[PDB]
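Take a look at this single chain, the form deposited without thymidine-3',5'-diphosphate, given in structure tokens.
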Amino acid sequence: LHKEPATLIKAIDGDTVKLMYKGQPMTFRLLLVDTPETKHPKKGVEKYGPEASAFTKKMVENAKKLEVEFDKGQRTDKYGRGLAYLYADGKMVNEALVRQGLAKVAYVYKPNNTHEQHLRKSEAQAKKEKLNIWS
């Protein structure tokens, strides 16, 4: 896998960000994580939804450099969203969310599963520390 530069347009919620990528606006969905949502198609605003949104927003807005890393499988979902791991100054946003107990590790679909073991270990740590969602 390889990291490529991107520029922030707007954080949309905990799991979704709009970026300029290779000169075009594109919505990205963060691979492998499920955050509580503020949008939710059926539920609207869920517990820790605002917190997870604010966490992603701060991280992306305060970064010097953002980079996206695609996995080995499909790079877009059925909604036209890019599927990627997002890095803010070298720190993976996907991991930071899970480590803080603000996201769970999603149902995984091979072959988009390269960082799965890494994220699962962070989730186990957040669960052990009783953080946020695990409180």
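All residue numbers refer to positions in the sequence shown, first residue = 1.
As for the form deposited with thymidine-3',5'-diphosphate bound, it is not shown, yet the points below apply to it.
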Using the site C-alpha superposition to carry thymidine-3',5'-diphosphate over in the entry with it bound, what's the verdict for this chain: open, or blocked with 3+ ligand atoms inside 2.4 Å of backbone or C-beta? open
Should residue 30 be classed as touching thymidine-3',5'-diphosphate in the entry with it bound when contacts are defined as heavy atoms within 4.5 Å? yes
Closest heavy atom of residue 83 to thymidine-3',5'-diphosphate in the entry with it bound, within 4.5 Å or not? yes
Residue 69, heavy atom within 4.5 angstroms of thymidine-3',5'-diphosphate in the entry with it bound: no
Please tell me whether any heavy atom belonging to residue 61 falls inside 4.5 Å of a heavy atom of thymidine-3',5'-diphosphate, as the geometry stands in the entry with it bound. no
Residues of stretch 87-111 in contact with thymidine-3',5'-diphosphate in the entry with it bound (4.5 Å, non-hydrogen atom): 107, 109
